[PDB]
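In: structure, please.
(2 chains, ligands or ions: 1)
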Amino acid sequence: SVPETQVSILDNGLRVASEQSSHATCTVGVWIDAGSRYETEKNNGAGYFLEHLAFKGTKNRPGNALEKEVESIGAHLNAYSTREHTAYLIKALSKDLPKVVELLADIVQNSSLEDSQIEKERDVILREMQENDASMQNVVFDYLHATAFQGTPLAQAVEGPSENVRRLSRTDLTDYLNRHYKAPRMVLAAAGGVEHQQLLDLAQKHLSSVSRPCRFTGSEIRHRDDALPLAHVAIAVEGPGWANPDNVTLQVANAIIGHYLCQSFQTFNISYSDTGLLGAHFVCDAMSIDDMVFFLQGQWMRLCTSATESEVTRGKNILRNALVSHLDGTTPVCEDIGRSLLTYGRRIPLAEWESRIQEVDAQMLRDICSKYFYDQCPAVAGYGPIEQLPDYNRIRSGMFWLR
Amino acid sequence: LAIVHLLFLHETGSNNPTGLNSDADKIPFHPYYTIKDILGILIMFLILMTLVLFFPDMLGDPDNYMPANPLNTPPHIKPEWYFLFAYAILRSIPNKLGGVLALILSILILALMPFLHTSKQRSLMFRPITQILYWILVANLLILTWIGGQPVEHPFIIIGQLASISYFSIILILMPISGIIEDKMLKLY
Ligand code: HEM
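Out: Numbering: from 1, shown residues only, chains lettered A, B, ... in the order given. Shown next is the structure:
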């Protein structure tokens, strides 16, 4: 009896979905199908820099008076950008539902990009990037994306290269804004104490104006810097995509893999439009580097060859307990709702997820794992003291067993 | 002794043709220098089987197909070709003992070789004068191999005497002096 997420797309193309909950606090967001994948290397940081500029004032609400409004009701304002999606979300009370929607309308259209601000946000972005290098796992995952999707718009980062950041102007931004902010590529998602008819009327009142070959590459990239205390290594293979159901099975396998040797093991299934990265990013000391790998590759081949029913049942329980991702909290659900409408075109209910989980057994798990892991060329990204990290022949030979 | 040879080497690792410290660029051996050794084994087997199955007597002597006659001496006595360089040296020195000693030194001069290195560069990749001296050394080693074959008569003898003098003078004298000159050219000496 999962609460349905009623959806009401506009003629402009603005899908308006919402799910009501007891919480008297509601989270409302706008999702846009626009990321670094839609950028063409001349505007590689346009989405990030617009995400910085989007809260610095609009035409109707000039400057900090705008954020004074979102202080006045005590609401929280957040935004994020990925390689495929951009989100602007507000967590507020239920009774403040209209003005929040109106605020979101300004943020998506009628936004004002001040030239003064552009220089200030350039120094912010430039500096952050100049210090972003500090976060290793971000460096390793960016390296993995670059070496796995070389020559494609999926290699380039969300932030872009410092070059573009410095070389960006209002008009360029205006373009990205006027090009990738179309109404049919937009979802107004609401979760929590909201009524769907009131939210649909508010979307009709404001926001009714919005205008109406991906390739994986196996490659060894190695950023060696021996002064760092720890090494971060990510190994991935090509993922299926958003719409392919065996993702669910792969999620179970990821669960079964879990994390057993050197510290900081983990597993990811990053999905983009009919592509993705499925793999693991461990981080460790000089010696463990290899074994962990060796360790890690063995587990993958075990999931390709010797999966039993007990670990499959454990992975199914871990995945179901992971449906808590949906939970009931306004934010997470809203977020989930946001993607559902952008990626699948519909909100998949938790009962359908439970059905797709319970149809997974050990035989189809090792079949799908052999389809996606066995004898595949991986993408490897290492950063730190990575001399004992094995080169591409040893990893590629560890991607299969002679028995 | 080859096992001891391999041990005394792994303690230090193999050298590279540039002669520099290759610690920044090292790779595994299983997939990179194993298939390379397998290919070299295949090529060496090709040369060995075309030596056996097609020209089985181009390197041996025909007179070894006669039985050993103590009464009959052959008109010309040789060892097999790889002893020739030494044979030449032995024949060159007039004194019997001298010949034996020089002969031994011929092989031993090599052992003496690590104490004659006077250059600040390990390899000859960046050392052209000592490269020229090295190829002259290979040249008169081939000359000594030829002379051994030739019988005792003019002018094979003189060549043998010179070739031996040039061999010992290039290994003993000319290469360290050339290495000093090469260090002087790079503003090192
Ligand atoms: C019984 C005959 C010999 C065999 C089978 C033999 C075999 C080998 C092998 C397998 C290696 C390592 C791979 C390579 O060759 O590069 C090697 C290295 C070496 N051998 Fe020998 N060897 C022999 C005689 C000699 C002799 C007589 C010397 C000295 C004159 C010598 C000096 C070396 C040196 C210096 C290395 C290290 C080469 C480098 O890494 O640059 N070996 N040997």
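
In: any idea how many residues pack against residue 108?
Out: Just going to use chain A. Other residues within reach of residue A:108 by the criterion other C-beta atoms under 10 Å in any protein chain shown amount to 23. Placement of C-beta: from N, CA and C, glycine included.

In: not quite, go with chain B.
Out: Other residues near residue B:108 come to 12 when the count uses other C-beta under 10 Å.

In: check which helix or strand it maps to.
Out: Taking DSSP states H and E as the definition, residue B:108 sits inside helix B:96-112.

In: beyond that helix, next helix or strand please.
Out: The helix or strand immediately downstream of helix B:96-112 is helix B:128-149, counting by DSSP H and E.

In: what angle sits between the next helix or strand after that next one and helix B:96-112?
Out: Towards the C-terminus, the helix or strand next in line after helix B:128-149, according to DSSP H and E, is helix B:156-169. An angle of 40 degrees separates the directions of helix B:156-169 and helix B:96-112 when computed by axes from the mean of the first three to the mean of the last three C-alpha atoms, to 10 degrees.

In: list the contacts of helix B:156-169.
Out: Among residues not part of helix B:156-169, those counted as contacts by C-beta atoms under 8 Å, 6 or more residues apart in numbering or on different chains are B:88-89, B:91-93, B:102, B:105-106, B:109, B:136-137, B:140-141, B:143-144, B:147, B:150.

In: for chain B, what lies in contact range of chain A?
Out: Within chain B, the positions near chain A by C-beta under 8 Å from any C-beta of the partner chain are B:27, B:28, B:30, B:31, B:32.

In: give me that answer again for 10 Å
Out: Neighbours of chain A within chain B, by C-beta under 10 Å from any C-beta of the partner chain: B:23, B:24, B:26, B:27, B:28, B:30, B:31, B:32.

In: that older thread, list buried residues within the contacts of helix B:156-169.
Out: Among the contacts of helix B:156-169, those classed as buried by neighbour count (16 or more other C-beta atoms under 10 Å in any protein chain shown) are B:88-89, B:91-93, B:102, B:105-106, B:137, B:140-141, B:143-144, B:147, B:150.

In: quick check: the two most widely separated of those residues?
Out: Longest distance between any two of these is 22.4 Å, between B:105 and B:150; criterion C-beta to C-beta.

In: hang on, the earlier thing: the helix holding residue B:108 - contacts with which helices or strands?
Out: Contact analysis of helix B:96-112 by 3 or more C-beta pairs under 10 Å, 6 or more residues apart in numbering or on different chains; DSSP states H and E lists helix B:84-92, helix B:156-169 as its packing neighbours.

In: who are the packing partners of the shortest one?
Out: So that's helix B:84-92. helix B:96-112, helix B:128-149, helix B:156-169.

In: and the ligand, which of the ones you listed is closest to it?
Out: Taking C-beta to the nearest ligand atom as the criterion, helix B:96-112 is the member of the helices and strands packed on helix B:84-92 that comes nearest to the ligand, at 5.4 Å.

In: which residues sit against that closest one?
Out: Under the contact criterion C-beta atoms under 10 Å, 6 or more residues apart in numbering or on different chains, helix B:96-112 has outside partners B:83, B:85-93, B:95, B:116, B:141, B:144, B:164, B:167-168, B:171-172.

In: near the ligand, which residues of chain B show up?
Out: Contact residues of chain B with respect to the ligand, defined by C-beta under 6 Å from any ligand atom, are listed as B:2, B:5, B:9, B:14, B:15, B:110.

In: tell me who's in contact with the nearest residue to residue A:379 once chain neighbours are set aside.
Out: Sequence neighbours aside, residue A:148 is the residue nearest to residue A:379 in space, at 3.4 Å (criterion: C-beta to C-beta, 6 or more residues apart in numbering or on different chains). When contacts are counted by C-beta under 10 Å, 6+ apart, residue A:148 is found next to A:154-155, A:215-219, A:221, A:234, A:236-238, A:275-277, A:279, A:377-381.

In: what subset of the residues you listed is buried?
Out: Applying a neighbour-count criterion of 16+ other C-beta under 10 Å, the buried members of those are A:154-155, A:216, A:218-219, A:221, A:234, A:236-238, A:275-277, A:279, A:377-381.

In: filter the residues you listed down to the ones close to the ligand.
Out: Of the entries in the buried ones among the contacts of residue A:148, not a single one is placed beside the ligand under the rule of C-beta under 6 Å from any ligand atom.

In: in stretch A:234-250, what counts as buried?
Out: Residues of stretch A:234-250 classed as buried: A:234-240, A:242, A:246-250 (neighbour count, 16+ other C-beta under 10 Å).

In: tell me if that stretch is near chain B.
Out: No. Residues of stretch A:234-250 contacting chain B under C-beta under 10 Å from any C-beta: none, with a closest distance of 17.6 Å.

In: what number of residues lie near the residue in chain B positioned nearest to chain A?
Out: Taking C-beta to the nearest C-beta, chain A has its nearest neighbour within chain B at residue B:31, 4.1 Å off. Neighbours of residue B:31 under the rule other C-beta under 10 Å: 15.

In: ditto for residue A:12
Out: Each residue near residue A:12 was counted by other C-beta under 10 Å, and the total is 16.

In: now it: closest residue in space that isn't a chain neighbour?
Out: Sequence neighbours aside, residue A:183 is the residue nearest to residue A:12 in space, at 3.4 Å (criterion: C-beta to C-beta, 6+ apart).

In: what sits against the one you found?
Out: Residues counted as contacts of residue A:183 (C-beta under 10 Å, 6+ apart) are A:9-15, A:108-109, A:207-212.

In: closest to residue A:346 among those?
Out: The shortest approach to residue A:346 among the contacts of residue A:183 belongs to residue A:15, at 9.7 Å (C-beta to C-beta).

In: give me the phi and psi for that closest one.
Out: Reported as degrees, to the nearest 10, the phi and psi values for residue A:15 are phi -70, psi 130.

In: wait, residue A:252 sits on residue A:368?
Out: Yes. Proximity of residue A:252 to residue A:368 meets the contact threshold set by C-beta atoms under 10 Å, at 9.3 Å.

In: most neighbours among the residues of chain B next to chain A, which one?
Out: For the residues of chain B next to chain A, neighbours tallied by other C-beta under 10 Å; top is residue B:31, 15 neighbours.

In: ok, which residues in the stretch 101-250 of chain A are in contact with chain B?
Out: Proximity of the stretch 101-250 of chain A to chain B is assessed by C-beta under 10 Å from any C-beta, with residue A:224 identified as the residues in range.
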